[PDB]
């Protein structure tokens, strides 16, 4: 649904290659089109990875939800400086906006990043390029599926130890669509590409 609100500007800088913004992006977007949302809209990092089409005075740009703006109220987006300048005048400081969460945006294949410090005793998984909100991330334990806990920093963590060897991970989005990612390695910090998609390329 269309949310009507306002926008201020801030920056995540050049960032690092580990964690950028509250969603813990592996990198600050090269196009510098990102946004921090209010705490209720952040929804415990459930909005991480999703994209917003934000309509401003000078048009409409697409930005990736990347961070949590604790000081922002509902409807108040904290845009990147580049996204702000493209929508309105930078000297204005505040601009009137309206935005929607993009449903199934065109993007690359799903990628999984195992967090630093992850072992068989404890592991954190980050799902990338899913396109939409993710409701469920599970690791295969024998013939059953061990559900992971959604953290408020963009990762999914194990509530209990997992088996050794390659990981078989099932990810389910907000639309009930699920993909299974076999052969995932316990490699902390690495972005593991896949050939899986929640929706086809057209």
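Residue numbers count along the first chain shown, from 1.
> If you average the CA temperature factors over each stretch, which comes out higher, 154-162 or 136-144?
Replying inline: Per the deposited B-factors, the answer is 136-144.
> Between 72-80 and 118-126, which has the higher average C-alpha B-factor in the PDB entry?
Replying inline: Looking at the record's C-alpha B-factors, the answer is 118-126.
> By the record's CA B-factor, is residue 167 among the lowest, middle or highest third of residues in the chain?
Replying inline: Highest third.
>> Please place residue 14 in the lowest, middle or highest third of its chain according to the CA B-factor in the PDB entry.
In response: Residue 14: CA B-factor falls in the middle third of its chain.
> Ranked by Cα temperature factor within the chain, is residue 176 in the lowest third, the middle third or the highest third?
Replying inline: Highest third of the chain for residue 176's C-alpha B-factor.
>> Going by the CA temperature factor in the PDB record, which third of the chain does residue 106 belong to: lowest, middle or highest?
In response: Tercile = highest for this residue's CA B-factor.
>> For the chain shown, is the CA B-factor of residue 194 in the lowest, middle or highest third of its modelled residues?
In response: It belongs to the highest third of the chain when residues are ordered by C-alpha B-factor.
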